[PDB]
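Enquirer: Would you be able to build a 3D model of this:
(chains A, B, C and D, ligands or ions: 4)
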Protein chains: 4
Amino acid sequence: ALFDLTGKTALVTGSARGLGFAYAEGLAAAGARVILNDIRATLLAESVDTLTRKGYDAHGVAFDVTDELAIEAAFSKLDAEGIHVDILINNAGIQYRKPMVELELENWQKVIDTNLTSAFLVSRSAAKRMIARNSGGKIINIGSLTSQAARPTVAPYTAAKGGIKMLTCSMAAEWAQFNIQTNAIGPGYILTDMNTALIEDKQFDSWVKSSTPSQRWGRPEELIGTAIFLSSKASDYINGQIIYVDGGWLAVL
Amino acid sequence: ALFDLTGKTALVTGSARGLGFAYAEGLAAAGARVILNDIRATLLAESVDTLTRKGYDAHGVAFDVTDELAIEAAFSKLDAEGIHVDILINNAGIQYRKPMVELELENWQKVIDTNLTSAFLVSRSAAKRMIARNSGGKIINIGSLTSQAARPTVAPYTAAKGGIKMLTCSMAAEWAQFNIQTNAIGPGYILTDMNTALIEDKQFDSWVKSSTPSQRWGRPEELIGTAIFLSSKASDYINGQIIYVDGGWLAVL
Amino acid sequence: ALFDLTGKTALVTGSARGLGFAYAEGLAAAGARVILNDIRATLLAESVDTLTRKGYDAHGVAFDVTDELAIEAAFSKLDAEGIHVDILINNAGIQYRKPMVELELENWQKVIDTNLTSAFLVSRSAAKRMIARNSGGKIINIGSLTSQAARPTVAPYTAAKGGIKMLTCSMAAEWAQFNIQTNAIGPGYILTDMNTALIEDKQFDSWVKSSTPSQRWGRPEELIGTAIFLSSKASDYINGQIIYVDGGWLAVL
Amino acid sequence: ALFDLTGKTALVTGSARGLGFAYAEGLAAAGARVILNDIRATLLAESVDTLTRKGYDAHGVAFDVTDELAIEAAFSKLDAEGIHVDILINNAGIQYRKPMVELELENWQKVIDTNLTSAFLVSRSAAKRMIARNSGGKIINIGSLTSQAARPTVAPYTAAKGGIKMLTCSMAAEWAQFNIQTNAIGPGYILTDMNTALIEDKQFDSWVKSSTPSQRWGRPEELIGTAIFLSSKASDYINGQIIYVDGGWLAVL
Ligand SMILES: [Cl-]
Ligand SMILES: [Cl-]
Ligand SMILES: [Cl-]
Ligand SMILES: [Cl-]
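Expert: Numbering: from 1, shown residues only, chains lettered A, B, ... in the order given. Ligands and ions are numbered 1, 2, ... in the order given. Sharing the structure here:
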């Protein structure tokens, strides 16, 4: 069927918790075997087990998405185990809040590396194998509303996410001919454990509700449909697009 | 389930053939009851007949999408029959090929009215009823690659489709608060009977293939996934967005 | 000289008052002979005299920009004398505030005709002559922040202005080969007559200042530079672009 | 006066040759004192000595735009003397052509550092001073057509230029309140030394001319107006915008 992922294997980076974990559970529910990833082995193992206990075919491979050596070692392990990555979601990346005039280069660099460079490095390894197998493939990059409009105090993130939007186009340009579709999801303001300080702040909550015409935050499960869509046959002729899931935020002045 | 349309009734304008017909068949396959509309009543009945014979729950209502009196009469009839339109796809619109300096006002106007005003009028009637029911709803407008970049000789269409892109944002702005999601699809170059002169031209075919990195035309069934996506629970937190289905055309310089 | 408009004749529609008047004054100050057009003949003559008193070479031609016969008659007069319109600014267009579910078709249509259709008709007449003279030309359409993001209660204006954005791309597509550059200005929230109600509402004022990082409304003379820029040799290789003048509004999430 | 830069000092990075040198000469001609920059000192000297003999107020400061210690040294120096940088053009950056599957991380990183990180670092030093002085400022980042649409084989450049487009929005977002306007120029295909290979290839020349409706390459001085525009009072209410100078390329499907 159109949205069925049975027979496919997905790898989601930074998926021990947060939205990454939600993508992974969501793809599993659509029938994919899923491989979770995080830098912390022990945490990753707990998240893998939680999905296994739900009846999903879940696995974990721990690696630093900024370390090209670790990345290729991970894909070589997967190779040896006969595991083909058909779907990749590049969800890894950090946040750093600081005005630009006060921003340390080291922090700028870490945001760019974990958010933008990581997507190149992981996609490079995954796409090579998709190409070699002639199996086709799906690559989903994670953008942000900041792929389109900036937020003060998160400049390197904003720059990285604008870069992710265009990197998505480059992957379409170079790989679509091999039946690989690379697209992006741009999540709006979503209730996560990480955002909990934002949701708890009455002023910030009011601002979110007045900025999106849906008048509410999104929940992580509301991103699942878009992940499955962009991972399935339903998106075979979609390439280089970013889909914002923001209840209407970017649409409104 | 996430992409199941069982229990939902969809109205697709200009769906006697071409892309509109494909949306109607796609929604029906996902479980929707479908109401086809065209201005050509005899053609419409034939198309409805075709779908019923494949085992789909299909019906036809013929009306001019530029005639608000005809639209309200059509919706009133549906009301009297206990039929609730939960999904609206505004696919109606004509094309007219002529350079602007040679373009007569009546033809400019016919393109704007059938493409842009039609989406306002049909949506107004549909949205009024979705709001009064507090049933929620889905509205999908049909843009084009010309919602983003222009082609010579099709200016009023281009203008109309740029207008559709922003009208979609307006519908997000005004109706998202009533749990109505209004989004748009921008089809790329798709093989349909109407485009047959384009496909049969060697030069034009080569240009299409060298302009999209997928190196091929799309088929109408490759738009169905997006239509179901935007008509289903999967798009509950998506609003005011246009999704291009073009094999990567817009992504590449 | 790069930003000098001496020797050029510009026509500006809807220029009896507001931003249209400011555009006319600005082009004159840069050296252009200016022809002001409006449907309101009385104060049109008043505005022309004001510019004349200031030392500028201003003239008035009153006609309805939605009446193709009046347009052709006005240009035919300009033809019978030796007046070449080298620069056209399509500033004409009305506003109408009303939620879509309460919006009468009559008013939707008047907004579309006066904003979008007017720009096609006036440019068609102007471009034809520019092409025949083969002396190049400049056409500047007037968009809005709503060419990119919507506001509730102004849907036909938003649709019209999104249409203007793409119509601008069409004019570049069809006329750039004749050395005509067609671009657009998207004004933000400016202190002008058409915004008096907005400016005097304490809440709207506060909303404008919190939404643009410049924390203030623009002034009409802050649009003049962009107009002169798009009318001058400086824009010779700029075509189909819209420049927003909004203090940073669209740039900020 | 609206476009006069007299009384302003501009710093243009990577301006020993090519478009950066053009920008420098352009600003000087509009009245600015100009400071050229490159890593190559004696080449830079030759370039400065060239402008001085044409009677421009030109100066040069040599430094690596990826080296934060060197950048501060240059400013801390200028700081130590009586030099205020009022206009900054971030033109520095390199190209690297290579398919992503064949691209070494070291080269990806060099492109990112030289194009995107450099703009952050130089702007940081400049903006801190503009803010402290409270005399306003202008910052112009250099994007590319790849800020919007990708080209195969130049992915890190495309990602960096996408990043530049959004970094520009961040600078508006954070610094517009200090009367600093940050905007970007996106040059299309321009007749320069750096494009010699491109230009003298018949196939490539043909593809450029068929892809932009002006049917020609741009000339270096056709970028000057935009740089002066964005450096002058004409742009006081423009912030976070990118202006593409491409003859209409991006406007046409
Ligand atoms: Cl005609
Ligand atoms: Cl006539
Ligand atoms: Cl009304
Ligand atoms: Cl390499």
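
Enquirer: Helix or strand: which one has residue A:21?
Expert: helix A:18-29 (DSSP states H and E).

Enquirer: helix or strand right after that helix?
Expert: Following helix A:18-29 in sequence, per DSSP H and E, is strand A:33-36.

Enquirer: Are we agreed that residue A:94 is in a helix?
Expert: No - counting by DSSP: H, G, I helix; E, B strand; the rest coil, residue A:94 is located in no helix; its state is coil.

Enquirer: where do the strands sit along chain A?
Expert: With strands called from DSSP state E, chain A shows them at A:9-12, A:33-36, A:58-60, A:87-90, A:137-142, A:180-187, A:242-245.

Enquirer: Say whether chain B is contacted by stretch A:227-234.
Expert: Yes - contact of stretch A:227-234 with chain B (CB under 8 Å from any CB of the partner chain) involves A:228, A:229, A:232, A:233, A:234. Using the backbone N, CA and C atoms, a C-beta is placed for each residue, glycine as well.

Enquirer: ok, so of those, who is nearest residue C:140?
Expert: In terms of CB to CB, no member of the residues of stretch A:227-234 next to chain B lies closer to residue C:140 than residue A:229, at 40.4 Å.

Enquirer: In the stretch 1-150 of chain A, what residue comes closest to ligand 2?
Expert: Taking CB to the ion, ligand 2 has its nearest neighbour within the stretch 1-150 of chain A at residue A:148, 45.2 Å off.

Enquirer: Over to chain A?
Expert: residue A:253 (39.3 Å).

Enquirer: Need phi/psi at the nearest residue to that residue once chain neighbours are set aside.
Expert: Spatial nearest neighbour of residue A:253, excluding adjacent residues (CB to CB, 6 or more residues apart in numbering or on different chains): residue C:149 at 4.1 Å. When read as degrees, to the nearest 10, the backbone of residue C:149 gives phi -140, psi 140.

Enquirer: Around residue C:149, count how many other residues there are.
Expert: Residues contacting residue C:149 under the criterion other CB atoms under 10 Å in any protein chain shown number 23.

Enquirer: roughly how far apart are it and residue C:244?
Expert: Distance of residue C:149 to residue C:244, computed by CB to CB, to the nearest Å: 10 Å.

Enquirer: Which neighbours do these two have in common?
Expert: Residues touching both residue C:149 and residue C:244 by CB atoms under 8 Å, 6 or more residues apart in numbering or on different chains: residue C:250.

Enquirer: Would you map the helices across chain A?
Expert: Ranges of helices within chain A are A:18-29, A:41-53, A:68-80, A:105-112, A:118-133, A:155-175, A:196-200, A:202-211, A:224-231, based on DSSP state H.

Enquirer: surely residue A:35 meets residue A:78?
Expert: Yes - because the distance of 7.4 Å satisfies CB atoms under 8 Å, residue A:35 is recorded as touching residue A:78.

Enquirer: Pick out whichever of these two has more residues nearby.
Expert: Each of residue A:35 and residue A:78 has its neighbours counted (other CB under 10 Å); residue A:35 has more, 24 against 20.

Enquirer: Who is that one paired with across the strands?
Expert: Judged by DSSP bridges, the bridge partners of residue A:35 are residue A:11, residue A:59.

Enquirer: Enumerate every residue touching it.
Expert: Residue A:35 touches A:9, A:10, A:11, A:12, A:58, A:59, A:60, A:61, A:78, A:83, A:85, counting by CB under 8 Å, 6+ apart.

Enquirer: What separation do you get for the residue nearest to the spatial centre of chain A and residue A:36?
Expert: Centrality entry for chain A: nearest residue to the mean C-alpha point is residue A:91, 2.6 Å, by CA atoms, centre = their mean. From residue A:91 across to residue A:36, the span is 10 Å (CB to CB).

Enquirer: returning to what we had before: could you tell me which residues touch both of residue A:35 and residue A:78?
Expert: By CB under 8 Å, 6+ apart, the residues touching both residue A:35 and residue A:78 are A:61, A:85.

Enquirer: near ligand 1, which residues of chain A?
Expert: By CB under 5 Å from the ion, no part of chain A sits against ligand 1.

Enquirer: How about chain A: which residue is closest to ligand 4?
Expert: With CB to the ion as the measure, residue A:124 is the residue of chain A nearest to ligand 4, at 11.1 Å.

Enquirer: List the contacts of that residue.
Expert: D:100, D:101, D:103.

Enquirer: Surely residue A:96 and residue A:157 touch.
Expert: Yes - counting by CB under 8 Å, residue A:96 does reach residue A:157; the two are 7.0 Å apart.

Enquirer: Between these two, tell me which one has more neighbours.
Expert: Neighbour tally, residue A:96 and residue A:157, criterion other CB under 10 Å: the higher count belongs to residue A:157, 26 against 17.

Enquirer: sorry, back to before: spatially, what comes nearest to the residue of the stretch 1-150 of chain A closest to ligand 2 if we skip its sequence neighbours?
Expert: residue A:250 (5.6 Å).

Enquirer: Let me see the contact set for that neighbour.
Expert: Neighbours of residue A:250 in contact, by CB under 8 Å, 6+ apart: A:145, A:148, A:149, A:244, B:240, B:241, C:149.

Enquirer: neighbour-wise, which of these leads?
Expert: Ranking these using other CB under 10 Å puts residue B:240 first, with 30 neighbours.

Enquirer: Next, the contact list for that one, please.
Expert: Residue B:240 sits next to A:213, A:248, A:250-252, B:168-169, B:171-173, B:176, B:182-183, C:150 when contact means CB under 8 Å, 6+ apart.

Enquirer: Spatially nearest residue to residue A:182 (excluding sequence neighbours)?
Expert: Excluding the flanking residues, the one nearest residue A:182 by CB to CB, 6+ apart is residue A:171, at 3.6 Å.

Enquirer: can you count the residues close to that neighbour?
Expert: By other CB under 10 Å, 32 other residues sit near residue A:171.

Enquirer: and if you look at residue A:248?
Expert: 30.

Enquirer: ok, now residue A:43?
Expert: By the criterion of other CB under 10 Å, residue A:43 has 14 neighbours.

Enquirer: Check whether it really touches residue A:14, as I assumed.
Expert: No - applying CB under 8 Å, one finds residue A:43 not in contact with residue A:14, separated by 11.1 Å.

Enquirer: Which neighbours do the two have in common?
Expert: With CB under 8 Å, 6+ apart, residue A:43 and residue A:14 have no common neighbours.

Enquirer: Give me every residue in the stretch 51-200 of chain A lying close to chain B.
Expert: A:168, A:169, A:172, A:173, A:174, A:175, A:176, A:177, A:188.

Enquirer: rewinding a little: please tell me which one of the contacts of residue A:35 counts the most neighbours.
Expert: For the contacts of residue A:35, the largest neighbour count, defined by other CB under 10 Å, is 30 neighbours, found at residue A:12.

Enquirer: For that residue, list the residues it contacts.
Expert: A:20, A:23, A:24, A:27, A:34, A:35, A:36, A:37, A:88, A:89, A:91.
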